[PDB]
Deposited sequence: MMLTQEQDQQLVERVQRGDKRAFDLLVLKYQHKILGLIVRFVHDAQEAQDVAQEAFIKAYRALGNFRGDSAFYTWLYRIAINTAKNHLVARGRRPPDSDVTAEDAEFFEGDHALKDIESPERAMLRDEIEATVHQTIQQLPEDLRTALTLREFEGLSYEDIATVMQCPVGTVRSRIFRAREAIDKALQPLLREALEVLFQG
């Protein structure tokens, strides 16, 4: 359960937390819808309906599995149903050339800022992102307080965000 704190709020019915999961997973859900509808707009309108449907069936989510695995199949279901709604028997992100350049530059700016980070920002931020360690477990590894771990990652994420703000 990668989104535990934010899942707890939506299972409690929090729509602002749901706004965060849609904001967080909109690309993956769309990159899935696109596989089925082959229209840029039409997929977004389904992706809407799939998230709208996703909220409405949060009662039927038991926390049995990861929220995204659960949510992903609701998105899958919506799209094939969209095909099944029309006579079509049901069986990646494709952008405007201007957006494929922007995405590349964003990708370039992300990796470049990481490359230029102070080591502690880089080690702490990665230990979270790639080693999957808790702030607790990181504090032990980097021989630092738990409050420092929370700060270093924030600053590391802040450095990347400041580099990307003009791009977005």
Not represented among the modelled residues are deposited positions 1-5, 97-114, 192-201
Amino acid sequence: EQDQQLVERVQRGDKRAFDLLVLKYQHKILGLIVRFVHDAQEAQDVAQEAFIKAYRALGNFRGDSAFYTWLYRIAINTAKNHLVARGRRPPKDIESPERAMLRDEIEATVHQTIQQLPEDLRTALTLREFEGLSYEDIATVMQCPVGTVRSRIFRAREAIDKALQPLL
From here on, numbers count along this sequence of modelled residues.
When the C-alpha temperature factors are averaged for each of 43-51 and 128-136, which stretch ends up with the higher value in the entry? 43-51
Higher-B stretch (mean Cα B-factor, as the entry records it), 156-164 or 18-26: 156-164
Would you mind finding, among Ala108, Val34, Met142, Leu121, the residue with the largest C-alpha temperature factor in the entry? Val34
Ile94 by Cα B-factor - lowest, middle or highest third of the modelled chain: highest
Split the chain's modelled residues into thirds by Cα B-factor; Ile114 lands in the lowest
Mind checking which third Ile74 falls in for C-alpha B-factor across the chain? lowest
By the entry's values, the third containing the CA B factor of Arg150 is the lowest
